[PDB]
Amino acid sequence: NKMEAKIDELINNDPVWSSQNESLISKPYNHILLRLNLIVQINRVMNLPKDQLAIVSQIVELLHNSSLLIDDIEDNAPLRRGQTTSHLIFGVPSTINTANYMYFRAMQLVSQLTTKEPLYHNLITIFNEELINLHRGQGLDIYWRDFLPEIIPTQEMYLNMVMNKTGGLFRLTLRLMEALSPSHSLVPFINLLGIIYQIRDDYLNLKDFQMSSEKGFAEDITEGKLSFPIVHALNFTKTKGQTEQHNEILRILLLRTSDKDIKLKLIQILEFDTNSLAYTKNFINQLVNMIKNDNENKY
């Protein structure tokens, strides 16, 4: 009976959870803690009170930092922001759980943006839709990389995955803001910005290695990722009939090598053989021009 009593108290109450415990499972997340400027610039247009902007901001940082914990497991990364990745320190298991834990903490902050039922309903739908999109882009990015060469994505395919994957968070922040704006839509512009952002990340990952084997590590090659330059090189070589080059590119990616000279041979293949690096640079300026060269404010 003393057991059955202690048990009756257990089941007739909320599940117990201390802050000691909160601390123990937040380890992976706190470690990565060791944007915004953008949210501020856009708010000049949305005019959200500071209190509400703060929450939108905490929400995005929670989803973002969490994404990195996961992406680093998925991409098998050893370094983020210059430190060892959380999963290498605390393990893949805790990191997955903590990161997924944070997704829901973020969802939980949404009920603090409003007390109005209809408005709340739209913030949840937005949250849910963009998260579904983020996983869709990420899903494809991982599939192409891991089942290569089952699928050699074209430039258009890569661009759509980028819309979902990177455009996803950009759109979630904006759409939340537009829905809260007490005050055309900026989504298209934010979509373009996300694309510019992802192709630039892809680009610099290799450029900061071709210039200094101590500026970047061209980790993307190690991961075997189908970056923008890589997608350009694989299609270019197939189209120009460069079978050997096409195949050597695949081989190097499939190796998942940390060899600096092998990574540098691939970067130079993109440099002189396929001109993927020039192509990517020029593609980035063109995308930026669409913006800088918009006097009619269509963006």
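Numbers follow the displayed sequence, beginning with 1.
Compared with other deposited structures of the same protein, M211 meets the criterion of being unmodelled in at least one third of those that resolve residues on both sides. Where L34 is followed by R35 in the displayed chain, the model omits 4 to 9 of the deposited residues that sit between the two. Missing coordinates between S183 and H184 amount to 4 to 9 residues of the deposited sequence. The mean Cα B-factor in the deposited entry runs higher for 187 to 195 than for the other of 71 to 79 and 187 to 195. Legend: mean Cα B-factor per stretch from the PDB entry, 47 to 55 versus 257 to 265; the higher mean is in 47 to 55. Set against one another, the Cα B-factors of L148, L88, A218, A99 in the record reach their highest point at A218. In this PDB entry, the Cα temperature factor of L270 sits in the middle third of its chain's modelled residues. In the deposited entry, the Cα temperature factor of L119 sits in the top third of values across the chain's modelled residues. For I39, the recorded CA temperature factor ranks within the highest third of the chain's modelled residues. Ranked by Cα temperature factor within the chain, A106 sits in the middle third according to the deposited record. Among the modelled residues of the chain, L206 sits in the highest third by CA temperature factor in this PDB entry.
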